[PDB]
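Here you get one chain, nothing else, as structure tokens; it is the form deposited in one PDB entry.
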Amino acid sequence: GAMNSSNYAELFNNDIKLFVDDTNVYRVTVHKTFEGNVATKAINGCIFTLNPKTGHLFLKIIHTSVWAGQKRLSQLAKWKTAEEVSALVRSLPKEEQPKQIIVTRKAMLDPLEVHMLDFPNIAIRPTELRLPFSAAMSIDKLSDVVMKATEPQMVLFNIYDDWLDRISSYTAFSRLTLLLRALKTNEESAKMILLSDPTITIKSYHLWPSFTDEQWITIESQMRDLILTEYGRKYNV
């Protein structure tokens, strides 16, 4: 059943699993028409499919052309997500196929279950965790590949860079969720914290800066401070 704070270690065991987040699949700008009505213009989106143990990210870029002449796009977006996740699983060798897929939003359960009928032994699960994967488009290199796409494309990343050389999956996931929660709560401030010191760079083959173990502790501390402040404001407490 549902993935929660009680069964959290299960994410880092040796059963292959993927998180699927569909919150950046269908993206629009809302604008006024010449006649003073409101219309949307779609922009490029992405499915965020992540192995939390390895850091492997299957970023399926959703080009605006997939919406052309379609109706009920927020509904179609869930089915297109389920179609592309199902295609990804069938593309993987058997020994690489997940045993579980955890969807970050419960509305993805029926679309993914129906698309995966051919895979009765792959469990489709919701989560009670409030995961910040919507903030994936605040990672400059992920935002850049989505916005530049001129056709449907899959791009493979490791969202943990080289962190697993020094830390466990559990600690890597905690760092990722903290960085994404910060970027989601106050993007400007979070991005200031990550680049303020010009001497720490992002390798060409990485997403995040090359922090030493000591600099990560300072960074992680600055992110937690950012999140609590914002929280006091949101609620006046």
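Numbering starts at 1 and follows the sequence shown. Throughout, rigid core stands for the largest set of C-alpha atoms superposing within 1.5 Å between the two forms.
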{"property": "Stretch with the higher entry mean CA B-factor, where the candidates are 188 to 196 and 35 to 43", "result": "188 to 196"}
{"property": "Residue range whose averaged C-alpha B-factor is higher in the record, 199 to 207 or 169 to 177", "result": "199 to 207"}
{"property": "Out of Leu228, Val20, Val25, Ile16, residue topping the C-alpha B-factor column of the entry", "result": "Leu228"}
{"property": "Third of the chain's Cα B-factor distribution that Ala68 belongs to, per the entry", "result": "middle"}
{"property": "Cα B factor band for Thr29 (lowest, middle or highest third within the chain)", "result": "highest"}
{"property": "For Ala123, the third of its chain into which the C-alpha B factor falls", "result": "middle"}
{"property": "Chain third (lowest, middle, highest) by recorded CA B-factor, residue given as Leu129", "result": "highest"}
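Although it is not shown, the form deposited with a partner chain bound is what the next lines describe.
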item	value
Any non-hydrogen atom of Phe34 within 4.5 angstroms of its partner chain in the deposited complex	yes
4.5 Å heavy atom contact, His206 and its partner chain in the deposited complex	no
is_contact(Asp162, its partner chain) in the deposited complex, heavy atom dist at most 4.5 Å	no
Interface membership of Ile200, its partner chain in the deposited complex, 4.5 Å heavy atom rule	no
Heavy atom contact within 4.5 Å of its partner chain in the deposited complex, the stretch among 172 to 180, 192 to 200, 208 to 216, 46 to 54	192 to 200
Out of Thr201, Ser65, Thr29, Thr33, the residue that alone shifts its CA by 2 Å or more between this form and the one not shown when the rigid core is the reference	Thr33
